[PDB]
Protein chains: 2
Amino acid sequence: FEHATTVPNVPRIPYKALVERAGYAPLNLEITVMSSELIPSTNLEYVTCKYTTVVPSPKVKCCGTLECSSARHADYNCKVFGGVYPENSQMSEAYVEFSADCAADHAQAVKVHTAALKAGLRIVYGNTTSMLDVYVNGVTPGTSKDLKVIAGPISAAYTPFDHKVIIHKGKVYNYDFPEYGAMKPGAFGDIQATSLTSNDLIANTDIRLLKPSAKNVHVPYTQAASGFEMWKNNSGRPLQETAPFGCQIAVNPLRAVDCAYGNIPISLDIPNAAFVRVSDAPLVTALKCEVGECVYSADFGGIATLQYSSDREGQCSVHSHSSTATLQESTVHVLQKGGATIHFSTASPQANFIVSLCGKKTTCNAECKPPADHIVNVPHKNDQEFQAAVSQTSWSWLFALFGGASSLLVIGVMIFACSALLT
Amino acid sequence: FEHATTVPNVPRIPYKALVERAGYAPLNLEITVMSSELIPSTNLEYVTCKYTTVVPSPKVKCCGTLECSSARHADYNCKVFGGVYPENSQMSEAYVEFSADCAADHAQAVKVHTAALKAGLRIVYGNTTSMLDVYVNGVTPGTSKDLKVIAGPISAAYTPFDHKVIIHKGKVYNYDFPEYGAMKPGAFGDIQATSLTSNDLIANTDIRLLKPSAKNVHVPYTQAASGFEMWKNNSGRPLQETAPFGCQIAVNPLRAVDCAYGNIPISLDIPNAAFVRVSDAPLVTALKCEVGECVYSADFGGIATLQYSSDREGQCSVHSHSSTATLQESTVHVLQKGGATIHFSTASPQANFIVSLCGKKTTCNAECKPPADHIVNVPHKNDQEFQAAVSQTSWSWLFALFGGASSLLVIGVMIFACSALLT
């Protein structure tokens with residue numbers, strides 16, 4: 001049987017629903033989203049470390065002269081200084097390379113295009129629970145042992161990620177790194193390389209060579225500082241601690257785990273064998289509702305009692321049809337006459353919610369009192385609605401005042417109409 | 001020395017320029033794009049083939065009954081048919097897998113994000129020709145032995161490719177494959193895998209079993225046909241043969257070789273030692289231009305004559321300033337008085353351009369006769385312009401024809417002014 005609802009995308013908050021086929025008793029539907037990783041589409045441009053400057057032993061002719069040419073390394077500066085060390089000649093050479101150990105400490109400069117949308121659903125229906133997952137696109141079917149779910153696209157696209165990103169030892173940084181082979185000395189990305197194994201380094205360290213002047217042989221040079229270490233000093237906070245929806249970030253493949261945004265339109269194919277016809281369900285009359293405390297806004301400040309009358313013992317499917325209150329556990333063990341209890345969860349001083357136990361209908365009414373506790377650790381479960389968050393006594397005061405400011409005006413214009421038509 | 005122009009993106013058609021500065025003689029510049037491929041960032045989802053349906057030997061109990069549980073396989077069907085082969089029962093089961101040979105023949109459902117922009121320039125300056133290869137974006141410098149070149153981004157972005165694509169044996173087909181695990185039987189992408197050697201074959205081929213009835217043991221099954229072999233019957237033409245700008249496509253990394261669109265703003269640093277002062281080039285006065293043939297638009301249908309008067313004997317740098325003619329060879333060995341000859345390449349009925357021999361600028365004037373051949377292998381070296389492709393005779397006809405229909409209005413309103421101010 002085909003049925004389609006809209007799960008809200010907040011992890012581990014259950015969603016209640018009724019599925020009914022015309023000719024069958026209704027049945028419960030508790031759907032929860034227990035994990036939601038979303039995976040962007042990545043590729044790596046280059047891989048950065050600190051340098052080590054290989055300076056080989058120099059070449060000196062005591063009498064003749066020397067020249068040297070470019071070869072396959074990183075930044076060269078090979079100069080061929082003249083008369084030195086008593087005319088001799090020295091040809092100094094120096095070139096950077098990767099550090100002694102990049103296999104642990106190296107940054108990756110990764111680019112992020114678009115995201116996938118994995119999920120983690122539990123579905124409880126009738127007396128059967130089900131563990132499954134689904135790619136949230138409009139077409140891919142998620143199959144349980146018997147049923148099939150498709151999970152249409154998110155109402156709004158959202159990313160914690162910028163277009164560029166850096167992966168360090170474990171941490172994820174939004175930082176507009178320079179493009180390939182287009183680098184400045186001292187900034188991030190002096191040494192670039194397509195992988196740790198691959199060759200063809202590029203470099204910009206401004207390694208300048210100087211004239212040697214000493215009794216013993218050396219080779220003098222100078223260099224700007226490493227840009228990667230300067231960046232490690234100046235790096236702010238990672239995305240584990242700045243992310244914009246309470247999500248987490250974890251990278252072996254760089255996923256963002258357990259966001260909280262938007263809502264998932266669902267569509268579900270309930271198996272035909274998991275129902276019951278109306279010839280086996282009981283019949284329910286005479287629901288009324290008493291309201292207890294209702295100290296609102298916290299978690300479960302409301303307490304209400306139901307009064308009912310059935311024809312058998314069995315199971316029913318208690319369910320709210322309105323959207324302000326979402327009741328709890330959804331299949332109450334009724335008796336022939338009873339007094340079962342609910343827990344409201346409101347966040348406004350009113351109550352107008354409709355209960356259907358196995359086919360009936362009723363209402364509730366209350367006035368909710370503000371709590372005396374200022375700070376609490378538990379998440380909300382409902383949303384505020386206008387024309388539901390202002391107390392009815394204040395509605396009466398504003399209506400009386402705002403209508404008294406109009407009644408005299410309408411009386412005046414009726415006086416002018418009557419006095420004109422009388423002449 | 002900094003110098004910046006805009007090279008039109010057409011391979012193997014040279015482009016002329018003069019660069020100069022105060023105190024030096026102008027020098028030649030020929031920059032010809034040789035080999036310009038563009039590479040888009042890709043990632044593959046899944047790897048499709050044909051298939052073989054593994055149908056193993058069945059199981060039969062002579063008296064008792066049988067059940068079978070599922071297993072980690074592909075599209076897997078087991079059924080447990082009852083009384084048969086004179087209450088014996090059989091447990092038929094079958095599934096599919098990749099064919100005998102998919103490393104040879106398989107599609108790759110590559111998804112294609114945006115694109116990089118390599119190029120292959122020839123740069124000729126003075127008496128030195130350099131062969132480099134620049135990344136076209138405004139940051140990445142490309143160095144020869146001595147000069148440095150950056151290539152600004154393309155004036156207008158363009159791709160032959162689409163968002164999804166399918167790579168067969170050597171070919172590229174723009175096609176919209178279904179998502180991962182979102183397939184229908186008898187069409188493309190029945191049997192998917194993230195790579196060849198990996199596991200997770202996902203299949204919906206509608207294999208269904210039948211009740212056996214014979215005098216020998218067998219196992220009957222029906223199945224919809226292979227969608228991949230259905231696809232190769234209906235595969236159209238690859239993008240080698242349908243690309244939108246004459247770009248070839250060859251795929252080990254899926255590059256789109258040799259487009260022709262837009263123009264590359266180049267910027268360049270000429271090495272300072274390859275200049276020449278104003279006290280070594282010959283000073284040139286008294287230029288004449290006797291333009292000859294002008295059979296325009298093909299390649300080089302012009303022949304002009306320079307009649308000059310110089311002092312020394314050396315090389316001079318010849319160049320057309322206006323944008324309706326581009327000359328050839330860009331250098332002329334002068335004499336003290338000579339008659340050196342150029343070739344124009346105009347695409348208009350008028351040769352109205354300015355040649356400068358070594359600084360002194362002179363004009364050219366001719367009528368250009370239409371070419372006596374319809375179709376020529378070499379593409380155009382100039383473009384058309386309104387108000388420049390219209391010969392002066394027709395300008396005289398149109399100006400006289402409009403002035404005859406506009407001056408008499410002035411005559412009539414002066415008749416109004418006369419008859420009103422005299423009365």
# chains A, B, ... in the order shown; residues from 1 in each chain; ligands from 1
call {"tool": "select_by_dssp", "arguments": {"residues": "range 180-336 of chain A", "states": "helix (DSSP H, G or I)", "output": "ChimeraX atom specification"}}
result
/A:227-234
call {"tool": "interface_residues", "arguments": {"of": "chain B", "to": "chain A", "cutoff": "8 Å", "atoms": "only C-alpha atoms", "output": "ChimeraX atom specification"}}
result
/B:41,113,139-141,179-182
call {"tool": "write_last_selection", "arguments": {"atoms": "N, CA and C atoms", "output": "short mmCIF file (atom, residue, chain, number, x, y, z; two decimals), in the first residue's frame"}}
result
data_model
loop_
_atom_site.label_atom_id
_atom_site.label_comp_id
_atom_site.auth_asym_id
_atom_site.auth_seq_id
_atom_site.Cartn_x
_atom_site.Cartn_y
_atom_site.Cartn_z
N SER B 41 37.15 18.14 -14.25
CA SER B 41 37.25 17.30 -13.08
C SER B 41 36.11 16.29 -13.06
N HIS B 113 32.28 17.53 -13.62
CA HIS B 113 32.22 18.88 -13.06
C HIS B 113 33.07 19.81 -13.94
N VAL B 139 46.55 33.58 -12.61
CA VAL B 139 47.47 33.51 -11.49
C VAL B 139 48.73 32.71 -11.79
N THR B 140 48.65 31.73 -12.68
CA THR B 140 49.70 30.73 -12.77
C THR B 140 50.74 31.15 -13.79
N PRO B 141 51.99 31.40 -13.39
CA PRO B 141 52.98 31.88 -14.36
C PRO B 141 53.70 30.74 -15.05
N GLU B 179 20.57 6.94 -11.59
CA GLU B 179 21.43 7.13 -10.43
C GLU B 179 21.94 5.80 -9.90
N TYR B 180 22.66 5.83 -8.79
CA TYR B 180 23.21 4.60 -8.24
C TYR B 180 22.12 3.83 -7.53
N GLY B 181 21.97 2.56 -7.90
CA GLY B 181 20.95 1.72 -7.31
C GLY B 181 19.54 2.14 -7.61
N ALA B 182 19.31 2.77 -8.75
CA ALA B 182 18.02 3.33 -9.12
C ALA B 182 17.62 2.86 -10.50
#
call {"tool": "residues_around", "arguments": {"residues": "residue 243 in chain A", "least_positions_apart": "5", "cutoff": "10 Å", "atoms": "only C-alpha atoms", "output": "VMD selection string"}}
result
chain A and resid 159 to 161 238 248 to 249 256 259
call {"tool": "write_last_selection", "arguments": {"atoms": "N, CA and C atoms", "output": "CSV table (one decimal), in the first residue's frame"}}
result
chain,number,residue,atom,x,y,z
A,159,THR,N,25.0,23.2,2.9
A,159,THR,CA,26.4,22.7,3.0
A,159,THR,C,27.1,23.4,4.2
A,160,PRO,N,27.9,22.6,4.9
A,160,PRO,CA,28.8,23.2,5.9
A,160,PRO,C,30.1,23.7,5.3
A,161,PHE,N,30.3,23.3,4.0
A,161,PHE,CA,31.5,23.4,3.3
A,161,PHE,C,31.6,24.5,2.3
A,238,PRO,N,39.1,24.7,13.6
A,238,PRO,CA,38.6,23.8,12.6
A,238,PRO,C,37.1,23.9,12.4
A,248,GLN,N,28.7,17.4,12.6
A,248,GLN,CA,30.1,17.0,12.9
A,248,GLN,C,30.8,16.7,11.6
A,249,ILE,N,32.1,16.7,11.6
A,249,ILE,CA,32.9,16.5,10.4
A,249,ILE,C,33.9,15.4,10.7
A,256,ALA,N,30.1,14.9,6.4
A,256,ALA,CA,29.5,15.7,7.5
A,256,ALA,C,28.3,14.9,8.1
A,259,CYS,N,23.5,16.5,10.5
A,259,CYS,CA,23.0,17.8,10.4
A,259,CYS,C,21.6,17.9,11.0
call {"tool": "atom_distance", "arguments": {"atom1": "CA of residue 344 in chain A", "atom2": "CA of residue 368 in chain A"}}
result
10.7 Å
call {"tool": "select_by_dssp", "arguments": {"residues": "range 18-232 of chain A", "states": "strand (DSSP E)", "output": "PyMOL selection string"}}
result
chain A and resi 18-19+27-33+37-38+40-48+51-54+59-61+89-91+95-98+107-115+121-125+128-131+142-143+148-151+164-167+172-173+208-209+221-222
call {"tool": "residues_around", "arguments": {"residues": "residue 291 in chain A", "least_positions_apart": "3", "cutoff": "7 Å", "atoms": "only C-alpha atoms", "output": "compact mmCIF listing (two decimals) with N, CA and C atoms, in the first residue's frame"}}
result
# COMPACT_ATOMS: atom_id res chain seq x y z
N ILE A 303 -0.03 17.13 31.31
CA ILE A 303 -0.55 15.84 31.74
C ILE A 303 -2.06 15.88 31.57
N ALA A 304 -2.61 14.96 30.79
CA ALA A 304 -4.03 14.95 30.52
C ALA A 304 -4.52 13.52 30.64
N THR A 305 -5.81 13.37 30.92
CA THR A 305 -6.43 12.06 31.09
C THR A 305 -7.59 11.91 30.13
N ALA A 366 -6.95 24.11 27.46
CA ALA A 366 -6.13 24.33 28.63
C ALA A 366 -5.69 25.79 28.68
call {"tool": "residues_around", "arguments": {"residues": "residue 46 in chain B", "least_positions_apart": "2", "cutoff": "8 Å", "atoms": "only C-alpha atoms", "output": "tab-separated table (two decimals) with N, CA and C atoms, in the first residue's frame"}}
result
chain	number	residue	atom	x	y	z
B	44	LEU	N	33.78	8.84	-11.30
B	44	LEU	CA	32.94	7.79	-11.85
B	44	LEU	C	32.05	7.22	-10.76
B	48	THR	N	29.18	-0.65	-15.71
B	48	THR	CA	28.13	-1.52	-16.22
B	48	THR	C	28.73	-2.54	-17.19
B	108	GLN	N	31.70	3.22	-18.38
B	108	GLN	CA	32.05	3.93	-17.16
B	108	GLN	C	31.15	5.14	-17.07
B	109	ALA	N	30.34	5.22	-16.02
B	109	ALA	CA	29.36	6.29	-15.92
B	109	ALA	C	29.96	7.49	-15.20
B	110	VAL	N	30.90	8.13	-15.89
B	110	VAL	CA	31.58	9.31	-15.37
B	110	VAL	C	30.61	10.48	-15.20
B	180	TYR	N	22.66	5.83	-8.79
B	180	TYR	CA	23.21	4.60	-8.24
B	180	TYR	C	22.12	3.83	-7.53
B	192	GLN	N	25.30	-2.87	-11.65
B	192	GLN	CA	26.19	-1.78	-11.34
B	192	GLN	C	27.25	-2.26	-10.36
B	193	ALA	N	28.42	-1.64	-10.42
B	193	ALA	CA	29.44	-1.85	-9.41
B	193	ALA	C	30.33	-0.63	-9.37
B	194	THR	N	30.82	-0.31	-8.18
B	194	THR	CA	31.63	0.89	-8.00
B	194	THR	C	32.97	0.79	-8.69
B	195	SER	N	33.49	-0.42	-8.86
B	195	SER	CA	34.63	-0.66	-9.73
B	195	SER	C	34.52	-2.09	-10.22
call {"tool": "residues_around", "arguments": {"residues": "residue 247 in chain A", "least_positions_apart": "4", "cutoff": "12 Å", "atoms": "only C-alpha atoms", "output": "ChimeraX atom specification"}}
result
/A:10-11,35-38,158-161,239-243,255-261
call {"tool": "residues_around", "arguments": {"residues": "residue 22 in chain B", "least_positions_apart": "3", "cutoff": "10 Å", "atoms": "only C-alpha atoms", "output": "PyMOL selection string"}}
result
chain B and resi 25-26+277-278
call {"tool": "write_last_selection", "arguments": {"atoms": "N, CA, C and O atoms", "output": "PDB file, in the first residue's frame"}}
result
ATOM      1  N   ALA B  25      64.010  50.747 -29.968  1.00  0.00           N
ATOM      2  CA  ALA B  25      63.323  50.481 -31.215  1.00  0.00           C
ATOM      3  C   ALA B  25      62.254  49.418 -30.994  1.00  0.00           C
ATOM      4  O   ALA B  25      62.456  48.502 -30.192  1.00  0.00           O
ATOM      5  N   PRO B  26      61.113  49.516 -31.675  1.00  0.00           N
ATOM      6  CA  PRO B  26      60.066  48.504 -31.522  1.00  0.00           C
ATOM      7  C   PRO B  26      60.521  47.158 -32.041  1.00  0.00           C
ATOM      8  O   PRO B  26      61.291  47.070 -32.997  1.00  0.00           O
ATOM      9  N   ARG B 277      68.456  49.828 -28.833  1.00  0.00           N
ATOM     10  CA  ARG B 277      68.269  51.244 -28.582  1.00  0.00           C
ATOM     11  C   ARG B 277      67.833  51.967 -29.848  1.00  0.00           C
ATOM     12  O   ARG B 277      67.790  51.402 -30.940  1.00  0.00           O
ATOM     13  N   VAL B 278      67.537  53.261 -29.700  1.00  0.00           N
ATOM     14  CA  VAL B 278      67.221  54.062 -30.879  1.00  0.00           C
ATOM     15  C   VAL B 278      68.464  54.484 -31.637  1.00  0.00           C
ATOM     16  O   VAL B 278      68.348  55.037 -32.733  1.00  0.00           O
TER      17      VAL B 278
END
call {"tool": "closest_residue", "arguments": {"among": "A:9, A:70, A:174, A:234", "to": "residue 156 in chain A", "atoms": "only C-alpha atoms"}}
result
A:9
call {"tool": "atom_distance", "arguments": {"atom1": "CA of residue 316 in chain A", "atom2": "CA of residue 130 in chain A"}}
result
20.9 Å
